[PDB]
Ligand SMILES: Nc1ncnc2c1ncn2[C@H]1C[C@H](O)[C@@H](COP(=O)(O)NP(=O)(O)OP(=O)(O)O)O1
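In the block that follows, a single chain appears as structure tokens, in the form deposited without the named molecule.
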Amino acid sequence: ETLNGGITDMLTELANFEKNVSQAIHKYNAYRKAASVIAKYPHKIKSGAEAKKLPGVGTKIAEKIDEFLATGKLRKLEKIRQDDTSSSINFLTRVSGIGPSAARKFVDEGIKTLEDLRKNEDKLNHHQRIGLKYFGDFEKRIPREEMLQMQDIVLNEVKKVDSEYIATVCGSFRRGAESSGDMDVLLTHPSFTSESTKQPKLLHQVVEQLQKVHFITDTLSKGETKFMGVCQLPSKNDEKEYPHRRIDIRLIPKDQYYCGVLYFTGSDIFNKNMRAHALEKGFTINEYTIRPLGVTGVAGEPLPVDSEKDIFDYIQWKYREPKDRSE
């Protein structure tokens, strides 16, 4: 956690670099399990050889561990860090829509800058266009104060369209968070569940409304169950317009709301921990259900959930307010 920090951090740098600038999923996977194991290791790695004993660590990495242990750096790292091409890819990649694959390509063609990207908006698809368009806004955190106004809006319309709709803003925001990266609304309806052959308009009706009143202002991707746009707070009485925020909305079979809802509220750790718990308690939990475990090794049989509570009760735990779902 801090005993092996540099080593891991270096290893991760290396990893990430393989995967992105180069297409070396292997090396790239190497550096990762290595970085994974050395992390767990309960003592101070004092040399390569020591590390070397570790599963996942071989001659390659050890040698890096030495250089790094020896002199506070690493050449490859010093080289990579400096390297234009490499830096370029790491950056383009910042744009919503541009992955590594495309980042490599662009660069190859000579697009390395945001400006480059402009002059060639043409080479970019829709997504990427928006991403480039709101690059600044997209990189900004969402102040909870604002989250509150947005939630205020989304809920109201959802309702207006159909009062039968159940919407919940999930994420860190749900967990008390001072700021957030983007708004994630979870949604379901009664007439929509596990079996009931869909109802696409269900997602659509609402999306339509949001755009209708100008809350949603762009569409990165809209399908029958997941919508992925951009929204914005009505820039009040001039002088202060609001930044463009990422927003996602997902339809859910009512019969699998809360599990999902649980899930997305996080945190990543409370989850795991919640999940690990259910196991002892004779269960299993996943993004959609909670099935009683059977002794034969495994089992199925989706238990009936009406609220976050039921899930808890099942595993016989203490209802934990989102606020404290931090771990």
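When you see a residue number, it is the position in the sequence shown, counting from 1.
Same protein, other form: the form deposited with the named molecule bound, not shown, and the subject of what follows.
Stretch 260-268 is the answer when you ask which of 294-302, 276-284, 34-42, 260-268 has residues with heavy atoms within 4.5 Å of the named molecule in the deposited bound form. The named molecule is not drawn, but in the deposited bound form it has a heavy atom within 4.5 Å of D184. The named molecule in the deposited bound form is approached by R175, whose closest heavy atom lies within 4.5 angstroms of it. Using a 4.5 angstroms limit between non-hydrogen atoms, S87 is distant from the named molecule in the deposited bound form.
Although the partner is absent here, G131 is not a contact residue: none of its heavy atoms lies within 4.5 angstroms of the named molecule in the deposited bound form. Shown without its partner, this chain lists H214, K73, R141, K123 as candidates; in the deposited bound form, only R141 has a non-hydrogen atom within 4.5 angstroms of the named molecule. Checked against the named molecule in the deposited bound form, the candidates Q151, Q205, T219, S180 yield a single residue with a heavy atom inside 4.5 Å, and that residue is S180.
If you assign each C-alpha to whichever superposition fits it better, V154 and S36 land in different rigid parts between this form and the one not shown.
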